[PDB]
Every structure is written in C-alpha cells, then in structure tokens.
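None of the figures in this text is laboratory data; all of them are computed from the coordinates on show. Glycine also receives a Cβ, built like all others from the backbone with ideal geometry; neighbour counts cover every protein chain displayed.
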Amino acid sequence: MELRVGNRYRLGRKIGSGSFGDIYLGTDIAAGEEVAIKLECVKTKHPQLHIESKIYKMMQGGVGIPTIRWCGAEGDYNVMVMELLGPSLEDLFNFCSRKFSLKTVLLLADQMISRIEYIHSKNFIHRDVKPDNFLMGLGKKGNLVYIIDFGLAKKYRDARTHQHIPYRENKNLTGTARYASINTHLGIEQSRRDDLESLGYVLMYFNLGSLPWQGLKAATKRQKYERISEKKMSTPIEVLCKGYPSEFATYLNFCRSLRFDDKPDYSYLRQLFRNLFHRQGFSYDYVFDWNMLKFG
Amino acid sequence: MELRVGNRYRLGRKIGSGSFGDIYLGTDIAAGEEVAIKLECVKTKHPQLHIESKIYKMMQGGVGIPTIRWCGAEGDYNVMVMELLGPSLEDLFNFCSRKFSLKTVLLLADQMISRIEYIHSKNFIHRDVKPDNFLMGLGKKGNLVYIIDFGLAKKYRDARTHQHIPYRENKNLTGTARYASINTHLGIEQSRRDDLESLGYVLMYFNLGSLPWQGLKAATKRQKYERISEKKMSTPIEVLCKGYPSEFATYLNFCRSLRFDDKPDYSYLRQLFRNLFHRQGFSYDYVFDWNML
C-alpha cells in the first residue's frame, strides 16, 4: 500500500538531507500541495528537531523564512512539514556550470545579508551559512532567497534584556569547515560577525568557482580541518579576492575587524555592493544567470 | 629508575620558575602529550599552589586560559599539571631581533587587553603582567595569546557583594619592577588600573625595544627599585612615546588617571588601537612578525 505520514501527508522520494536528518518530498493530499517533510529518528541521542521547529515558529512571518505546515509524531519519527521551495543556491550554481556573474553575486548578496540581518534581530545566529541553506522561492516568490535549517542556530543575547552571551570558547556543534570563520577555527564562541564572515566566503566561492582551502585531501587521521584552518589563515584577503572588485575584500576585512559583541553595520555592507552594482550599470531586475541560461 | 610524577607523567627538564615554584617539562605517558608541571614543596611556609590551581579552575572556559590536567600530592611535593603552550611573547620578541612591527604589536595589544578584561570579570587582578606571562597556543590555536601564572593574582572585590577592596598603602612591591605601575612603586594597593598600566609599558617595550628604567646599575635590590622608580616617575609619557602613534600615550595617560576603584573602559582602550589598525590600512590576516622570518 501507499505510505502516508500524519494522515494528509503522502510520503515520497528522499530529495535531500539537512542537519537533523533527511528531507523527503511529500504531498498534502487533503490540499494537493507538494510539501517537504523532515523526519528525525525519535530517539537518536540528541532529539534536536523539536527545537528547530520552535525557532522556525519564532521566525514565522519574516521575509524569506519557510512556512511550517505541521509538526508532530508518527511512530519512530517526529515529523516537521514545511513549505517546499525552489532549488538551493548550490543547485543553481552547478546548473550554471559553477559560474555566477558579478551582477548575480551582487543581486544575491543583497538578499543574503538581509536574511542574516533578520535572524539576528530575533536574537539568533544561524551558525551554518552556506549556499545550500538558501533556496529560491517558487512562482510569484521566484525571486526571493529563503534561509533554511536552524539546526545549529543559537540565541546570542537575552530576548528581553538583550544581554549578549559571554566571550568564551565553544562547547557546541560546528558547521561546514569550508565556510567557517577564523574564530570558529580558533575555538571561540560564534556570534553575529561570524555569520557575516562565512557569507564573505560564500560570495567569494560564487566568484571563484571554489575556495583556495577547498579539497586539500589529507590523511586518515581525525582532523582534515587542521589543514583547512591553516590554508585559511595563511591566505590573505588581498590574495583571495585578487582579480575582483575591492568591495569583496573590503567586505571580509570589515567582518574580521568586528568585536565579538559589536552589532554589524548591515546597511554599510549592503551599501558597498549596491554602489558597485549601480557603478557597473546594472538594472535592478531579478534576472539572474540561471534565467539567461535558456538562451545560451 | 625513571622519574615519574603521580605514576602518570614522566618529569623532564626544568623549563623555568613560576611565581612560587618550578615549571618542569612533562609527558603524559598514556596520551604521550607534552604538558607543563608545576611543583611546590609540601613543606613551604606559604603554600600557594592549592590557591592557584583553584583560580585556573574558576577561569576555565575563557578564551586563552590554559587547561589544568591533574593535581596530586606526591611524597615531598604538591603537583599541578597544565597544558603546555607555545613560546611566550618574550621568546618571540628575542627571536625577532627584539623588534615588533606596528601591526604585530597592535594585533597582540587587542588580545592582551581582552584577557586582562576577562580576569577582571572574574574578580581578580593579575599583578604580574609581563611578556613572559603570555604564550601563543599550539597548532591552529597558535594565533591565540594566552595568559598564565595566577600566583600573584589577588581578588579585588567580594564574589557576591562586589564591594571593592579597601584602599591601603605602605604595601610592598609585588611583581616585576620593570613593568610595575607608578602606584605599585608608591606602595599603594593594587587594583584594575595597575594591570592595564603595566600592559602599557609592555606595549612600549615591544615598540621601543627597551624601557628608560631598564639597565640601571645598582647592587642592592631595593636600591635597584629606588632607581627604576625614579627614572619611571621622571620620564614623561609624552617623551617616552616619542615618535610612536599618540594612541600609546593616550592609553598610558588614561590608565594613570583612573581612580583606585574605577572600572576601566576596556572597549575605549581597544577602540584606540583598532582605529589605529584601521588608519594604517592594516588588513586582518593572522600572519605575525615571526612568520616573516
């Protein structure tokens, strides 16, 4: 027979995986809406999915935040049902043969910095900023970048008093070593500035095709991240951003300078890229590389 | 047979002397890792080790604080094993022909000011700030400045009431006289302002290569101190910092004006240098002087 979670959610193909497990394609039969079901094995060891849902619900209403359909349990699984979105930026990147033009990077950067700014206004740091955790909407929302996966996210200040978490060393879960900030590598607690730094890397990855510390291929020993850490701290911003508009190097440097508790000047950051956008004479249409690909 | 402390670490070369003990090289036989061993003879008239191990423990979790591995009582000694770290800022200074470039000095100044700030948030004052008490980490943490040696550390306010300690004078000089603040030389009770003033002299030591009171000939130690104090008190900060970015002069001045119980504004003090780092067009890379050799 057919497999249906909840009652209304027809389970489907395994379309991917996230932090708390796998992401399956599903269908709300009682509504005919294709949705995304994420299910974590009831008792793994650290049942973090009931936590992620909480965050999504705190962010509910924000621009570019996926809507949650249902949260609950079904046997050996606790399922979260959320809005199915378009391809991730990684998919689109590969789709474009791993080549984003400056305009698209600038067009994207503007929205990515806004999603990041929003999570922070709600007292949280994302902690795992990568091209996979951003998706494009569908249909009418086709030009809006969405931010997903609040698995490694953390509250960085009291939601009432707004008192920032203290400066100490990390005793938590880390994200992708490839887009990690230098502090993450130094073993320091992550905060607002670190989310923006990784973005600097995501942006440079989109411009470069791949990062310099990417694919070092180390030995069988436990830490390959030691090489990444090194390659990363040894590669100066001026060399990394070589051959590109200074706004990118100026972006990374600024983020590196910020103190653990400084509130970032987001507008300044949006300002750098917009000025460059207007300079190169770009129209602010939401026509991206992947839209032009249909004509060659 | 082989010298084995607590049946866990083999003892090695004495690599120095802490505030009240000797630091020996050690090897966690099991994990093979290199550690640092501090020893205090049980028959000491002024046991501090049990006090110091406690302080390191309170400090645990802070950025740049060394880890204590084990504490044990051997036959004739009390033992405190802690993680071994990299070279100190003195060993690197000397390695670098005793010359630190502006950005290396600024990049360190920021971390050094963070550590002191941290300790103060824990209700303690270091009271012996010098380059020897600052060590770089190992491997990936090799870009992190650590603070060590809490042997002379004193609590400056109640752990609960936060009632700052009383003003007292006629005290004795505590710490290296070369970096000791003018107040320390005047036998005045130490507080937060003193830890930061001394850090000031440490920065200029890195800039200048030597300090105006360093090298005075004297036989008697109190005579030594008397001379050092004289030169120090008689050397204008404006003159001292001659030719270096005013920020340093601004720093020492600020420090020498905080009232005894004043809560230093560590952000302003850091903002000076971060602003200077910025005006010099310095970029944020973790490559230091010693890395260009």
Taking into account only those residues within the range A:201-229 that are within 11 Å of another protein chain (Cβ to nearest Cβ) and in contact with a helix residue (DSSP H, G or I) (Cβ under 7 Å, 6 or more places away or on another chain), which is surrounded by the fewest Cβ atoms within 10 Å (Cβ to Cβ)?
A:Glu226
For the structure I just gave you, tell me whether B:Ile65 is crowded, with 16+ Cβ neighbours inside 10 Å and not in a strand (DSSP E or B).
yes
Look at A:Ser210 and say whether it is touching a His at 6+ places or on another chain (Cβ under 6 Å) and either polar (S, T, N, Q) or not in a helix (DSSP H, G or I) (or both).
no
When residues of the range A:97-118 are limited to those that are among the hydrophobic types (A, V, I, L, M, F, W, C) and more than 11 Å from the chain's Cα centre (by Cα), the one surrounded by the most Cβ atoms within 10 Å (Cβ to Cβ):
A:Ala109
Would you confirm whether any residue within the range B:48-59 is under 22 Å from the mean Cα position of the chain (by Cα) and within 14 Å of chain A (Cβ to nearest Cβ)?
yes
Any idea which of (1) assigned to a loop (DSSP other than H, G, I, E, B); (2) loosely packed, with under 14 Cβ neighbours inside 10 Å; (3) of a type outside the set (A, V, I, L, M, F, W, C); (4) facing chain B (nearest Cβ under 9 Å) is the one A:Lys263 doesn't satisfy?
(4)
The lone condition A:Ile37 fails out of (1) part of a loop (DSSP other than H, G, I, E, B); (2) surrounded by 15 or more Cβ atoms within 10 Å (Cβ to Cβ) is (1)
Those residues of the range B:213-229 which are among the small types (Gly, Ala, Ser) and in a loop (DSSP other than H, G, I, E, B), in sequence order:
B:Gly215, B:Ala218, B:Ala219
Inside the range B:189-217, can you point out the residues that are over 20 Å from the mean Cα position of the chain (by Cα) and on the phi < 0 side of the Ramachandran plot?
B:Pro212, B:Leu216, B:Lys217
Return the residues of the range B:66-91 that are closer than 25 Å to A:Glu169 by Cα and in contact with a helix residue (DSSP H, G or I) (Cβ under 9 Å, 6 or more places away or on another chain); say none if nothing qualifies.
B:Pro66, B:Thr67, B:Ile68, B:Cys71, B:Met80, B:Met82, B:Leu85, B:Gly86, B:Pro87, B:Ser88, B:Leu89
Among the residues listed as A:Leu211, A:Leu199, the single one being in contact (Cβ under 8 Å) with a residue 60 or more places away in the chain and farther than 18 Å from B:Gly139 by Cβ:
A:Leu199
Taking the range A:130-171 only, how many residues are in contact with a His (Cβ under 6 Å, 6 or more places away or on another chain) and either of a type in the set (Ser, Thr, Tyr) or within 14 Å of chain B (Cβ to nearest Cβ) (or both)?
0
Output for Cβ contacts, cut-off 7 Å, separation at least six or different chains, first residue free of Cβ contacts under 8 Å to residues at least 24 places away in the same chain in the range B:1-23, second in a loop (DSSP other than H, G, I, E, B), reads B:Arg10/B:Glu2; B:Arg10/B:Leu3; B:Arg10/B:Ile29
Which number in (1) surrounded by 13 or more Cβ atoms within 10 Å (Cβ to Cβ); (2) in a loop (DSSP other than H, G, I, E, B) marks the one condition that B:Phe248 misses?
(2)
Return a yes/no flag: does the range B:136-151 have any residue that is assigned to a strand (DSSP E or B), surrounded by fewer than 20 Cβ atoms within 10 Å (Cβ to Cβ) and out of contact with any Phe, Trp or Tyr (no Cβ under 6 Å at 6 or more places or on another chain).
no
Mind checking which residues of the range B:277-293 are farther than 11 Å from B:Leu107 by Cα, among the hydrophobic types (A, V, I, L, M, F, W, C) and free of Cβ contacts under 8 Å to residues at least 40 places away in the same chain?
B:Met292
